[PDB]
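So in UniProt numbering, spot 97 of the sequence shown is number 121, and the numbers just go up one at a time.
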Amino acid sequence: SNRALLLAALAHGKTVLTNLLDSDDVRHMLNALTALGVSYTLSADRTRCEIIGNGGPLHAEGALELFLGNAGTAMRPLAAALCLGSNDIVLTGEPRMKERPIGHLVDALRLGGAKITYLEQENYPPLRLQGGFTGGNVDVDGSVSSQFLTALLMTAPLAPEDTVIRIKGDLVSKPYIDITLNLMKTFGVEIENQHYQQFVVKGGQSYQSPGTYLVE
């Protein structure tokens, strides 16, 4: 649901994502893009959205603060996406989200050139981003949902510089990460798939509007 939302936001041109999940983890993702200025529109059942491709990373210059609540599926991907270019945003979430480690993620993007901080605790929702994600060799932990690598996999490709993420700990969503690139490729961007040890994303990419896509 949120994968297509974000991927569509970094793509050039508005695209559609059907079979979206009518929940709070998604509405938060959508609320996250609209915050920067992205233009999305769901269906009567909130299962089909049309996201206007920002053309680049979720660009927002105004110290924007978002609330990903208890999602975790949109807080990690959206966190890294904005790390590109130059955007000032402070992330936040629900009471439980306050204890959702996000260091392995924030660490990789940061290594590529991203500018983030901890407004409350280290490796938690309170994250102030400032863009700067360019690229370079990176090492990301697989454990704790693939939202970590999934974030860099969509963010790093658009990063002006070539990013090479590796997989420190055992991936928790091994087959789910393939969907990340499978989603990106369908859009217009592809990356290098190492021996499941590193995700080399050709820097300088830019997803394009595929059209009508089914989330699933």
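The beta-carbon is built from N, C-alpha and C at its ideal position, and this holds for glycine as well.
Return the first residue and the last residue of the beta strand (DSSP E) that residue i is part of.
{"i": "residue 94", "result": "Premise fails: residue 94 is in no beta strand (DSSP E) and is neither H nor E."}
{"i": "residue 112", "result": "112 to 116"}
{"i": "residue 157", "result": "Segment: none, residue 157 is in no beta strand (DSSP E) and carries neither H nor E."}
{"i": "residue 40", "result": "39 to 42"}
{"i": "residue 201", "result": "That residue, residue 201, is in no beta strand (DSSP E); its alpha helix (DSSP H) goes 198 to 211."}
{"i": "residue 74", "result": "72 to 75"}
{"i": "residue 190", "result": "187 to 191"}
{"i": "residue 65", "result": "Run containing residue 65: none; DSSP gives neither H nor E here."}
Quick one: measure Cβ to Cβ for residue i and residue j, integer angstroms, because I've assumed they're closer than 8 Å.
{"i": "residue 122", "j": "residue 142", "result": "Incorrect: roughly 12 Å between the Cβ atoms, too far for contact."}
{"i": "residue 232", "j": "residue 35", "result": "6 Å"}
{"i": "residue 50", "j": "residue 87", "result": "No, residue 50 and residue 87 are not in contact; Cβ-Cβ is about 25 Å, not under 8 Å."}
{"i": "residue 101", "j": "residue 30", "result": "5 Å"}
{"i": "residue 128", "j": "residue 109", "result": "That belief does not hold up - the Cβ atoms of residue 128 and residue 109 are roughly 23 Å apart, past 8 Å."}
{"i": "residue 327", "j": "residue 107", "result": "This structure does not reach residue 327, given that the chain is present from 25 up to 240, and the question cannot be answered."}
Less than 7 Å between C-beta atoms, sequence neighbours within five positions excluded: which residues of the same chain meet that for residue i?
{"i": "residue 134", "result": "140"}
{"i": "residue 244", "result": "Residue 244 is absent from the structure shown; the chain starts at 25 and stops at 240."}
{"i": "residue 165", "result": "128, 172, 192, 193"}
Between which two residues does the alpha helix (DSSP H) holding residue i run?
{"i": "residue 171", "result": "171 to 179"}
{"i": "residue 54", "result": "48 to 60"}
{"i": "residue 31", "result": "26 to 34"}
{"i": "residue 225", "result": "No alpha helix (DSSP H) contains residue 225, which is instead part of the beta strand (DSSP E) from 222 to 225."}
{"i": "residue 134", "result": "127 to 136"}
Suppose you measure from the CA of residue i to the CA of residue j; what does that come to, to the nearest Å?
{"i": "residue 196", "j": "residue 168", "result": "6 Å"}
{"i": "residue 69", "j": "residue 183", "result": "34 Å"}
{"i": "residue 226", "j": "residue 205", "result": "12 Å"}
{"i": "residue 56", "j": "residue 153", "result": "13 Å"}
{"i": "residue 58", "j": "residue 90", "result": "10 Å"}
{"i": "residue 203", "j": "residue 145", "result": "31 Å"}
{"i": "residue 161", "j": "residue 194", "result": "19 Å"}
Spatial neighbours of residue i within its chain, please: C-beta separation below 8 Å, excluding the five flanking residues on both sides.
{"i": "residue 77", "result": "32, 33, 34, 35, 36, 37, 38, 39, 231, 232, 233"}
{"i": "residue 265", "result": "The structure shown has nothing for residue 265, since the chain only spans 25 to 240."}
What residues in its chain sit with their C-beta under 6 Å from that of residue i, if we drop five residues either side in the sequence?
{"i": "residue 229", "result": "181, 182, 213"}
{"i": "residue 238", "result": "42, 43"}
{"i": "residue 93", "result": "48, 52, 117, 118"}
{"i": "residue 79", "result": "36"}
{"i": "residue 137", "result": "156, 157, 158"}
So does the stretch 213 to 229 actually touch the stretch 109 to 116, counting three or more Cβ pairs closer than 8 Å? no
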